[PDB]
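The next block holds one structure in the form of structure tokens; read it before the comments.
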Amino acid sequence: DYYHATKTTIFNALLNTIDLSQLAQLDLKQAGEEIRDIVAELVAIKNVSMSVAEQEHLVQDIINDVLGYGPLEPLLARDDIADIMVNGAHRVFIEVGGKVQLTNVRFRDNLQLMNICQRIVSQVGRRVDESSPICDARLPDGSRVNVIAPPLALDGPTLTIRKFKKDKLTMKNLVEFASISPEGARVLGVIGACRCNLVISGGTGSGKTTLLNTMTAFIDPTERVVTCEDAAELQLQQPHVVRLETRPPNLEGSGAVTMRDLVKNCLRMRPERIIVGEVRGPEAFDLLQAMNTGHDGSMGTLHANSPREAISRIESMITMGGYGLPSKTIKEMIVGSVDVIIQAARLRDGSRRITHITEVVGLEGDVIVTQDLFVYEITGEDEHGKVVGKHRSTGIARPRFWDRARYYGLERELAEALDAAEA
Amino acid sequence: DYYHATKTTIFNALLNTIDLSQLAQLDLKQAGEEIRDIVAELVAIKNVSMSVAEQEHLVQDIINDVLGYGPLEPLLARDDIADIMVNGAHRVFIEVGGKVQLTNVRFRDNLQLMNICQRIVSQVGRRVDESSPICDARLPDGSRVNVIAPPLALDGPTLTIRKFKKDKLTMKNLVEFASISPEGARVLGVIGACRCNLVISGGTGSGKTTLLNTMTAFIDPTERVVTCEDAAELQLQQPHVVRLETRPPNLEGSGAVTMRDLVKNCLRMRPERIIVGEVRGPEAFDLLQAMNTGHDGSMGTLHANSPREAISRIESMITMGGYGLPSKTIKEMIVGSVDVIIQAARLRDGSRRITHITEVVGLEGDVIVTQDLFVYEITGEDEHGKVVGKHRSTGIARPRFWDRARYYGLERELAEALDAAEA
Amino acid sequence: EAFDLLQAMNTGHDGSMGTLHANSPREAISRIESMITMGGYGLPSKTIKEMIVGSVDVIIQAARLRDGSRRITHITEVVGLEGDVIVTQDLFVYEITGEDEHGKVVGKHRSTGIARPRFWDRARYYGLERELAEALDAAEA
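Residue numbers (the entry's author numbering), protein chains in the order written: chain A, 80 to 502; chain F, 80 to 502; chain B, 362 to 502.
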């Protein structure tokens, strides 16, 4: 009841005594203590229906106005809310238990919201205003903030926040959700630990990224990484990561940095796992060379259905590269670099499965000989509209990289998994 | 633990006495005197546990605050620090002889790191900002620096400085290091002493310049040599040498001396060999003229992965020159000029080898013909983790440049080396 | 922007929409391919068709009659990619019978009589399947 008018009076009185114009003076603690005392004194000096509880509340609200986020502080705190969505200064929604709901926490007006947004984003050296009404940011708490201003958004400043995620889609989620076998899971774990290159290919909707992220989660932390993504989608877990991104054409048809330049520049910064987001232009070439010159453990993605189609696509990309190499040298390079070409595909039942786990055995004539470590053999389709199969093995005694797995000190696990898969 | 707090206090005292807002006053020497004087006065009046050495360190820290590099200096001053990696404002890693770790040295604000990067690239007339967000450079002291800007790097600026090191390899030592087999060593000695227009290609981190120095160590003394470099790296061991270097554009971007102009002028100094430090632009054109109009022995290095890409890149550069030459003319010119291409590269396991020793044979329509004498054919990898190969020989009975070998009477030794290698 | 929109049709935002300028659903799909190629991402010409076959699930065509009136004409779907061409299974259509004594065009809204449309499986989730079956049956009668 008496919160609004009393808070307005406190704001006016404190501004008269010690306003924000004293910035750089009455440091955060100093201003907090002084404002608390001034509000306590004004509650009696001026008629204030705010009792002791309302007195502490007014002190807290003054702290918020001068310093804090105000109405978002509660929701930003609560642990049952993962995502917060503010549509104009009036309506705020929250994702509780995997579903959106409305809770009335209004802002004083649009100016307040458009100031809170800047105070939020600038915490990591950004700023959003009427000369750049878009903003996105990532924070130390694993969160991600996205802000749009009133020049575009009609309703009013629109904010979206996704707070900490901790249970990233680790392998066990893939396993138990009927998309990969256990022994295959251990084989993948070893393929990732042994810094053996890999390339991921999946039909439309196969979800290349999710898989690539699950794989990156394997790298040993001591290995410096450089992820040259197209849009900031990968969410790595290591301490040593280094992000990047491209830039599209400007209004004058210039000022663009295509991913080729980024992949070229990543060579300098002494990396040890040049991860990529997607391979469409000639960048393939550069990436492959990076795989060969002593960066054992890179990754990547591309669009193709069956692994052999993936190899053909890579060769087509390089040919589009405009370098004119013979059709044999390119194949030799691919056979020398790539070590596993995982697969991912979406089946008619709407699920998502890892159909193949293919290697690159070698070069023979004009055919790059490959062998498979696992495959997805369907058995039938159920009444509920599903497609069900099984992950079949091939009892292979030794892959091409067995020596490497012997080196990095995880030799047994590979054979244990491959042999026990027959169980 | 008094270092940080005392330093903050002394910085505040200096700012109150002489603040950075007084720019254009208290200049280089005036500052070097007044800052030290105020520091001594504060240390005398203001009890600081810092000693005379610590007092000098604090004085230098304030000097850095004024016009310095930021906290990089205490790192750079060391010798065990072989690499400095920034990755944003909040982290600085280092490698110390085989191991790598994090350090408890940090920056204050992305403004500090960004300004330090802009300054250190202004040392060699380079500027990195929101218009050209990428900058690679080599500082005069010898070490290499790379920097990426906020628009791409999502974590603010990212900067890497690689410690300088010296190789000075020799052809008699390369054989022990297993780079080139002794038969190859004799063949290359003949190829270098016989004034053969060659081009030493190389891939990322391959280490061309060492090879180029090792090769030029074969030149006969009296020959008047002329280089054209950008960093003053080489170390020629001949009495009659003339050295050179380009002068990048001034702060206003005017009066620049591009390697092209250096070459076009070296054409008039009566040189016998025009060595070049590297090939980046249309200067190749001029160099090719030097390769053709009676300056036999000109060398040079360009960044290419395999010879049949190096040729295409040379053609692309010449076309980019904007001369309007039809492509076929460019191919004719290259076929006429170049004589040998030595493609060196770094294999996966980190070693350095010489993979190709090729000779341009001629032109047949729209395809250039090459007759690789050697190829470092990969055989396998040992159990200890290092690859294994062998320098196979195609064993051409008489290479193209045989005539030259005759004119200098060295042909017999080349024939012996071929016979040994042919088997 | 069509490409980006297709991403939304793909990465679990099922329910996107859009509007574009065309006359014949095949012409509409050709226009979409042209738009995606405009971006210059370098995609081949078959992957674009794969993307458009895996993304879209209805292509409604509405038109203006020659006479000066508007009618809804096609409720075509997308069935798949057979080789290098896209296929359709137009559910409903509107056929121009002729003219009246005044001159206005006349016609009938007809259902080709397909039994289980492609999106039927999806409609199974939301318990609409019975309603769709009933409507198609009444049309077929």
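We put the beta carbon where it would ideally sit given N, CA and C, even for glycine.
Start-to-end residues for the beta strand (DSSP E) that takes in residue i
i	result
residue 442/A	441-443
residue 486/A	That residue, residue 486/A, is in no beta strand (DSSP E); its alpha helix (DSSP H) goes 481-486.
residue 422/A	419-425
residue 472/A	466-472
residue 311/F	Taken as a continuous stretch (DSSP letters only), residue 311/F belongs to no beta strand (DSSP E), as it is neither H nor E.
residue 280/F	277-281
residue 187/A	No beta strand (DSSP E) holds residue 187/A; DSSP gives it neither H nor E.
residue 164/F	162-164
residue 347/A	No beta strand (DSSP E) contains residue 347/A, which DSSP labels as neither H nor E.
Interface flag, residue i vs chain B, CB-CB below 8 Å
i	result
residue 283/A	yes
residue 115/A	no
residue 382/A	yes
residue 464/A	yes
Residue i versus residue j: straight-line alpha-carbon distance, rounded
i	j	result
residue 463/B	residue 432/B	18 Å
residue 315/F	residue 296/F	7 Å
residue 482/F	residue 491/F	12 Å
residue 348/A	residue 395/A	29 Å
residue 436/A	residue 440/B	29 Å
residue 269/F	residue 374/F	18 Å
residue 387/A	residue 277/A	14 Å
residue 467/A	residue 354/A	33 Å
residue 102/F	residue 89/F	19 Å
residue 461/F	residue 340/A	36 Å
residue 400/F	residue 359/F	11 Å
residue 356/A	residue 389/A	16 Å
residue 421/B	residue 214/A	36 Å
residue 502/A	residue 473/B	52 Å
Cutoff 8 Å: residue i Cβ touching any chain F Cβ
i	result
residue 408/A	yes
residue 349/A	yes
residue 299/A	no
residue 272/A	no
residue 482/A	yes
residue 166/A	no
residue 477/A	no
residue 183/A	no
Below-8 Å beta-carbon distance, residue i vs any chain A residue
i	result
residue 485/B	yes
residue 411/B	yes
residue 493/B	no
residue 189/F	yes
residue 376/B	no
residue 216/F	no
residue 402/B	yes
Those residues which DSSP pairs with residue i across a bridge
i	result
residue 367/B	Paired residues: none, contrary to the question.
residue 330/F	According to DSSP, which records beta bridges pairwise, residue 330/F is partnered with nothing at all.
residue 453/A	436/A, 472/A
residue 175/F	178/F
residue 307/A	355/A
residue 446/A	443/A
residue 477/B	Answer is none; residue 477/B lacks a bridge partner.
residue 324/F	308/F
Opening and closing residue of the alpha helix (DSSP H) in which residue i lies
i	result
residue 292/A	287-295
residue 319/A	Element bounds for residue 319/A: n/a, residue is neither H nor E.
residue 216/A	From DSSP, residue 216/A is part of no alpha helix (DSSP H) but of the beta strand (DSSP E) over 213-217.
residue 136/A	131-145
residue 155/F	151-155
residue 124/F	107-124
residue 83/A	82-96
residue 497/A	490-499
residue 392/F	386-399
Integer Cβ distance of residue i from residue j, believed to fall under 8 Å
i	j	result
residue 149/A	residue 234/A	Between residue 234/A and residue 149/A the Cβ distance is about 20 Å, and since that is not below 8 Å, they are no contact.
residue 241/F	residue 265/F	At roughly 35 Å, the Cβ-Cβ gap does not stay under 8 Å, so residue 241/F and residue 265/F are not in contact.
residue 415/B	residue 283/A	4 Å
residue 124/F	residue 141/F	Rounded, the Cβ-Cβ distance is 16 Å, inconsistent with contact.
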